[PDB]
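> Questions regarding the structure given below will be posed in turn.
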Amino acid sequence: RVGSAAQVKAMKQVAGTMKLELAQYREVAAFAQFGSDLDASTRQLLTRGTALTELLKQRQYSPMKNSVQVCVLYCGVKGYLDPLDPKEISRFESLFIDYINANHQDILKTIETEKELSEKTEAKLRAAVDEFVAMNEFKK
Amino acid sequence: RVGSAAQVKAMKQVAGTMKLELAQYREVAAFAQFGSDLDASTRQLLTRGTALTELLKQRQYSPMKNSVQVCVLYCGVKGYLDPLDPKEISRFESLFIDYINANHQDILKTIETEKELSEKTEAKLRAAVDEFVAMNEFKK
Amino acid sequence: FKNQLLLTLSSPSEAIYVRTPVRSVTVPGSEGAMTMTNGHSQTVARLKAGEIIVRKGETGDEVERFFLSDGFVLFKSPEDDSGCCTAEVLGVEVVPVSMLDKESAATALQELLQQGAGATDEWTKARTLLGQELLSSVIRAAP
Amino acid sequence: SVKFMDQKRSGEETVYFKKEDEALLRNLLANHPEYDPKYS
Amino acid sequence: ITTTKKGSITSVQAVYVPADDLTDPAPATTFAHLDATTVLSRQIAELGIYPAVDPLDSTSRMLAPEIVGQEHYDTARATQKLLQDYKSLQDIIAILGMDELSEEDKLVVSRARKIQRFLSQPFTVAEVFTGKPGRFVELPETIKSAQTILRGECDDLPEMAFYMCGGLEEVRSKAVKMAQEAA
Amino acid sequence: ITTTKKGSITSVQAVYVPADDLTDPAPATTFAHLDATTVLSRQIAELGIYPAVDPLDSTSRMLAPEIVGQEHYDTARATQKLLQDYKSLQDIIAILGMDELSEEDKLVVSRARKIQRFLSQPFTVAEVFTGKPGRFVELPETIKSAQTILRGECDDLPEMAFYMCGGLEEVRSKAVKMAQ
Amino acid sequence: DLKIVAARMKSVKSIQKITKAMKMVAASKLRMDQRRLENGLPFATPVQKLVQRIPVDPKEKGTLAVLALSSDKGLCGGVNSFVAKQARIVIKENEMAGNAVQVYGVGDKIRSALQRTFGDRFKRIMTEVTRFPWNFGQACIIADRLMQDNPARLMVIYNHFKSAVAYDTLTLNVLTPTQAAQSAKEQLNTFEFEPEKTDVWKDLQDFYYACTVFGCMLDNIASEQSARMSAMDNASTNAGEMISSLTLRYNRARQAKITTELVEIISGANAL
């Protein structure tokens with residue numbers, strides 16, 4: 001009942017999208033057993049919902065920070081996981097974390113201090129994501 | 001819970017197969033009612049289950065001895081009722097009983113004493129059933 | 001409507017033309033190839049194989065090639081009120097020539113000759129010869 | 001509706017996989033001769 | 001009933017659940033007092049799958065990757081995921097039929113049925129009900145067999161073979177016998 | 001809570017139906033006293049419409065054509081019919097697409113969206129949050145606007161214009177200024 | 001009780017959900033089947049009209065062969081019911097005069113409809129045809145099977161696809177070689193056959209058989225899918241109604257349980 005008032009803007013910017021995307025997935029869930037017969041504009045919802053659902057999974061006694069959450073959800077909502085196999089996403093995230101924790105600690109410090117995801121930091125994030133995808137190779 | 005320990009060997013030999021067949025018949029009875037093409041084995045299962053179900057019916061205050069139950073369930077299990085009409089079985093039983101109480105008292109006495117079915121009694125019972133089916137005629 | 005040739009070139013999987021107005025349409029009849037135009041008599045003909053060649057009224061010079069395996073052609077006179085004469089080219093498999101290959105053609109020819117070398121049944125020999133015919137036609141027709 | 005659907009499902013699955021098991025039993029010993037006692 | 005620095009008591013309690021209602025106060029209160037749980041079902045025992053353990057209601061505090069390795073943890077969780085997937089396809093099968101299911105779903109159903117039949121085993125004390133002899137299956141054999149079934153190596157093997165078999169090798173022997181008796 | 005010869009007390013009670021059981025004794029005893037009903041829904045606020053009053057679920061005893069005259073009743077029932085028809089048309093368009101529609105069906109859809117957008121309005125109190133001013137609306141103006149929109153005279157006006165406008169004249173002005 | 005009503009509600013809700021999903025799926029399949037018709041009908045109409053110029057009398061005496069087209073899946077409304085009804089009518093009409101009737105079929109539904117009553121007349125049945133997309137190769141096989149068993153007169157029963165919410169059952173009196181030899185084919189003298197008529201007729205006739213089966217089965221498939229969508233609609237509606245009734249019963253039983261438990265506690269509290 002509190003809502004986005006209990007969120008930093010960096011999390012609002014991705015959560016306002018992901019909530020709608022998961023609601024759309026919830027409207028077309030039963031079609032997962034028939035998606036072979038449907039058309040586009042309805043398989044994209046299933047794919048994005050499945051990717052996000054596999055992203056929100058987590059390990060016991062292994063929590064994360066809000067900055068890493070924002071980075072991962074930006075990778076997710078912006079379509080950088082649709083063409084992947086779902087089973088590999090659990091790998092993706094892990095590697096990406098180490099990648100950023102190895103390379104772009106400045107982005108994390110900026111997100112933690114300013115509590116915002118500006119266009120410059122967003123461009124830096126897309127750059128880091130593209131570099132990560134170029135370094136590694138995934139199944140689908 | 002006691003089960004076979006409270007059962008005669010002569011009845012064990014028949015009742016094990018009967019329980020198995022009735023389990024299978026109960027499993028596929030619902031599917032069979034709808035009506036779809038079935039393999040010969042499935043049809044055979046349905047035929048034997050229907051035969052056994054029509055065998056276990058009884059009149060009120062008309063109980064039977066153990067040896068006669070053994071003989072009747074032998075006729076039912078070894079396949080001497082599959083081609084026969086279900087609705088006809090209600091007399092196949094009665095007549096068969098009278099026959100084995102008329103001319104084959106020795107088989108009943110042997111089953112009552114030894115409380116088992118040796119190969120000799122097996123062959124004698126098979127011959128009696130063959131003679132009975134020869135002497136009589138039913139709708140199939 | 002108009003004094004054109006109303007072509008319909010139809011296969012089971014796809015109707016390429018339905019009421020296309022054209023000037024002349026060449027078809028490989030069983031006896032020999034022939035070109036149907038307006039005024040041509042009513043006729044039915046069996047096709048053996050080869051390259052249908054369509055020529056629209058707007059085109060005149062420009063053409064369209066289509067390989068056909070087997071089928072029929074039905075030319076029907078023009079109704080008095082329509083003013084246009086119709087033609088139906090039914091083909092069991094109507095491919096364009098762009099989608100053809102000369103290497104797989106020769107491979108299939110070699111496999112057919114291999115299978116038919118053990119000539120024992122009449123249908124096997126006949127199939128070998130007719131396959132030779134159609135594959136030679138495909139080779140000569142492919143670009 | 002409950003027992004109906006449950007028993008229908010059980011029967012359908014039983015029949016389908018009985019057919020499939022019959023075919024696999026036909027085609028087993030060829031593709032896995034190391035188990036075939038004919039070669040042992 | 002608890003372990004201390006002087007000894008240890010391993011307890012095994014059978015809890016009657018009246019009318020198969022787990023919401024009753026007695027079992028509801030007893031659930032919180034247990035380290036390991038094993039819930040037996042009637043719907044499974046109707047299929048002749050004895051022990052009639054429901055692997056989706058049974059839990060254990062020990063099933064963690066640090067206590068039992070990931071080869072065990074991931075295997076168990078994959079088995080549970082497969083069985084839940086088979087449970088979600090039940091209604092589609094009951095209404096439409098197997099014809100509507102894709103080949104992925106058919107593979108899922110086949111593997112789930114094989115797992116269900118494979119978790120069964122005969123006990124030594126149940127000889128007086130089934131007549132079959134008893135088995136003692138060690139844990140590495142179980143993990144190997146489950147990994148093998150989930151990987152898709154045994155898709156060719158028939159579903160009936162995985163019945164009251166201690167190990168996968170026994171399943172192969174039963175399949176060989178059933179194929180020989182077929183001809 | 002009733003009227004007298006001196007004044008009156010109106011009341012707006014918020015109700016919670018436990019377990020969606022309208023037969024429960026508490027609401028069953030409370031609904032006996034209610035002279036009206038005003039349902040809200042998040043499925044209309046997502047469309048940006050505010051107030052999010054569901055015009056179909058809402059009911060009232062005063063809507064009969066004796067307290068309000070036999071024009072208010074007619075307009076209200078016509079709008080309810082239109083919105084039900086648009087609900088059915090939406091259920092169809094979800095499957096058969098919006099290409100298999102007749103001209104009258106598309107007219108019904110247009111009128112339905114126009115009247116569904118029109119019923120929304122701003123509030124004088126939300127001004128401090130948005131700056132957008134408040135719009136009081138008398139009832140005859142609303143009746144005339146609904147009559148005109150249902151007759152089909154106002155179909156030409158764009159659907160976007162019928163948003164957050166107190167009166168039809170304001171909608172026309174917005175349409176005039178949006179062409180630029 | 002409560003567990004009963006709750007289980008029923010759960011089952012019916014699942015039924016409603018799956019029904020709506022299958023409705024959308026059937027709509028998509030109907031789109032593709034209409035496309036198949038629009039592409040594949042022109043291939044079949046011309047030769048059919050050409051040979052239909054020869055009038056066939058359906059009163060001719062001889063060995064009748066009835067090809068009944070049907071489906072293999074259920075929930076198709078009642079199209080196969082009407083097909084089997086027309087087939088029973090035809091058989092009972094033609095068996096009185098003494099014409100020996102044979103029955104060919106497509107789909108398991110006609111088989112299940114006519115096994116008990118006219119199972120002593122089946123000749124050859126095909127099924128599993130609607131698994132893959134319908135094609136001319138599937139029809140040529142059935143046409144060849146019909147020709148190898150050349151009867152004296154052939155009838156074809158199927159469902160015409162008028163519109164997405166309307167079909168129509170039909171019977172096609174089909175020409176046969178026996179009926180062709182008995183006619184001089186004077187009606188086709190207006191047509192110039194490039195090979196001679198006697199040499200091309202047997203091929204035109206085989207093509208006619210194949211095209212007939214092709215078009216008839218396409219129309220039947222489209223009608224089947226339309227009826228499937230309608231049936232799913234009706235089933236979802238009925239499921240909603242049953243859900244409403246079961247919800248009322250569930251709330252009643254819930255209130256009863258609360259009252260009963262509370263009265264038990266109170267009566268045990270006041271007997272002290």
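Each chain in the structure tokens gets a letter, A, B and so on, in the order shown; residues start at 1 in every chain, and ligands are counted from 1 in the order they appear.
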Using only C-alpha atoms, which protein or nucleic acid residues come within 10 Å of residue 37 (chain D)? Drop anything in the same chain fewer than 3 positions from it, and give the result as a ChimeraX atom specification.

/D:29,33-34,40 /E:176-177,180

> Write out as a PyMOL selection string all residues of chain E that DSSP puts in helix (DSSP H, G or I) for this structure's backbone.

chain E and resi 18-20+25-31+42-45+70-88+90-95+98-100+103-119+127-130+139-151+159-161+168-181

> For chain G, which residues have at least one atom within 12 Å of chain C, if we go by only C-alpha atoms? Write them as a PyMOL selection string, please.

chain G and resi 33+35-51+133-140+188-197+199-208+210-211+214-215+218

> Find the residues around residue 93 (chain A) up to 12 Å (only C-alpha atoms counted), leave out those fewer than 2 positions away in its own chain, and share them as a ChimeraX atom specification.

/A:51-52,54-58,64,68-76,80-81,86-91,95-101,129,132-133

> If you keep N, CA and C atoms, can you produce a file of those selected residues as a tab-separated table (two decimals), in the first residue's frame?


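Written out: again_22.tsv:
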chain	number	residue	atom	x	y	z
A	51	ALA	N	11.66	-14.81	-19.18
A	51	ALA	CA	13.00	-14.32	-18.88
A	51	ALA	C	13.03	-13.60	-17.54
A	52	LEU	N	12.04	-12.75	-17.29
A	52	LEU	CA	12.01	-12.03	-16.01
A	52	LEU	C	11.80	-12.99	-14.85
A	54	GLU	N	12.71	-16.08	-14.67
A	54	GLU	CA	13.98	-16.76	-14.43
A	54	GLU	C	15.04	-15.82	-13.88
A	55	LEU	N	14.85	-14.51	-14.06
A	55	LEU	CA	15.79	-13.54	-13.51
A	55	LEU	C	15.55	-13.30	-12.03
A	56	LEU	N	14.29	-13.22	-11.62
A	56	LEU	CA	13.95	-12.95	-10.23
A	56	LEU	C	14.31	-14.08	-9.29
A	57	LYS	N	14.61	-15.26	-9.81
A	57	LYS	CA	15.07	-16.35	-8.97
A	57	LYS	C	16.33	-15.94	-8.22
A	58	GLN	N	16.52	-16.53	-7.05
A	58	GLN	CA	17.61	-16.14	-6.17
A	58	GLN	C	18.03	-17.34	-5.35
A	64	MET	N	21.50	-9.35	-2.63
A	64	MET	CA	22.19	-8.41	-3.49
A	64	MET	C	21.87	-6.98	-3.06
A	68	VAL	N	23.17	-3.34	-7.99
A	68	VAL	CA	23.27	-4.54	-8.81
A	68	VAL	C	21.89	-4.95	-9.31
A	69	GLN	N	20.87	-4.80	-8.46
A	69	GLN	CA	19.51	-5.10	-8.87
A	69	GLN	C	19.10	-4.23	-10.05
A	70	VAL	N	19.41	-2.93	-9.98
A	70	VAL	CA	19.04	-2.02	-11.05
A	70	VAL	C	19.76	-2.41	-12.34
A	71	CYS	N	21.05	-2.72	-12.24
A	71	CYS	CA	21.80	-3.10	-13.44
A	71	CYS	C	21.21	-4.36	-14.07
A	72	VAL	N	20.93	-5.37	-13.26
A	72	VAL	CA	20.44	-6.63	-13.79
A	72	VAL	C	19.05	-6.45	-14.40
A	73	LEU	N	18.20	-5.67	-13.75
A	73	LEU	CA	16.86	-5.47	-14.29
A	73	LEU	C	16.89	-4.59	-15.53
A	74	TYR	N	17.88	-3.71	-15.66
A	74	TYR	CA	18.05	-2.99	-16.91
A	74	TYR	C	18.47	-3.93	-18.03
A	75	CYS	N	19.38	-4.86	-17.73
A	75	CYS	CA	19.71	-5.89	-18.71
A	75	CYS	C	18.49	-6.71	-19.10
A	76	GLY	N	17.58	-6.93	-18.16
A	76	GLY	CA	16.44	-7.78	-18.41
A	76	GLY	C	15.33	-7.12	-19.20
A	80	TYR	N	17.84	-7.75	-23.52
A	80	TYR	CA	19.12	-8.44	-23.66
A	80	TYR	C	19.08	-9.87	-23.16
A	81	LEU	N	17.90	-10.42	-22.90
A	81	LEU	CA	17.76	-11.80	-22.46
A	81	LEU	C	16.68	-12.57	-23.20
A	86	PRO	N	16.31	-19.85	-21.37
A	86	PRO	CA	16.05	-19.47	-19.98
A	86	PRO	C	17.03	-20.10	-19.01
A	87	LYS	N	17.38	-21.37	-19.21
A	87	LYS	CA	18.21	-22.08	-18.26
A	87	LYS	C	19.59	-21.44	-18.10
A	88	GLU	N	20.02	-20.64	-19.07
A	88	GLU	CA	21.33	-20.00	-19.00
A	88	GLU	C	21.30	-18.66	-18.29
A	89	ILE	N	20.12	-18.10	-18.02
A	89	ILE	CA	20.06	-16.78	-17.41
A	89	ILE	C	20.73	-16.78	-16.04
A	90	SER	N	20.53	-17.85	-15.27
A	90	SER	CA	21.17	-17.94	-13.97
A	90	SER	C	22.68	-17.82	-14.07
A	91	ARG	N	23.26	-18.28	-15.18
A	91	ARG	CA	24.67	-18.04	-15.42
A	91	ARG	C	24.91	-16.57	-15.75
A	95	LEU	N	27.76	-14.01	-14.02
A	95	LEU	CA	28.91	-13.47	-14.72
A	95	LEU	C	28.83	-11.95	-14.78
A	96	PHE	N	27.66	-11.43	-15.15
A	96	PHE	CA	27.53	-9.99	-15.28
A	96	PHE	C	27.90	-9.29	-13.99
A	97	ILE	N	27.45	-9.83	-12.86
A	97	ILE	CA	27.79	-9.20	-11.59
A	97	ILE	C	29.30	-9.11	-11.45
A	98	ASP	N	29.98	-10.24	-11.59
A	98	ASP	CA	31.43	-10.21	-11.49
A	98	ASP	C	32.00	-9.23	-12.49
A	99	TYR	N	31.49	-9.26	-13.72
A	99	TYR	CA	31.97	-8.33	-14.73
A	99	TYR	C	31.91	-6.91	-14.22
A	100	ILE	N	30.74	-6.48	-13.77
A	100	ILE	CA	30.62	-5.10	-13.33
A	100	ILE	C	31.44	-4.89	-12.06
A	101	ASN	N	31.43	-5.88	-11.16
A	101	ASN	CA	32.20	-5.74	-9.94
A	101	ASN	C	33.69	-5.76	-10.22
A	129	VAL	N	27.04	-3.69	-20.93
A	129	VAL	CA	26.27	-4.87	-21.31
A	129	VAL	C	26.73	-5.40	-22.66
A	132	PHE	N	30.03	-7.12	-22.26
A	132	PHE	CA	29.86	-8.41	-21.61
A	132	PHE	C	29.33	-9.45	-22.59
A	133	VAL	N	28.31	-9.09	-23.36
A	133	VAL	CA	27.74	-10.03	-24.32
A	133	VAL	C	28.78	-10.40	-25.37

> Using only C-alpha atoms, what table do you get, as CSV, when you list each residue of chain B with an atom no more than 8 Å from chain E, its nearest pair of atoms, and their distance in Å rounded to one decimal, rows by chain then rising number?


residue,atom,partner,partner_atom,distance
B:3,CA,E:129,CA,7.2
B:4,CA,E:129,CA,7.2
B:5,CA,E:128,CA,7.8
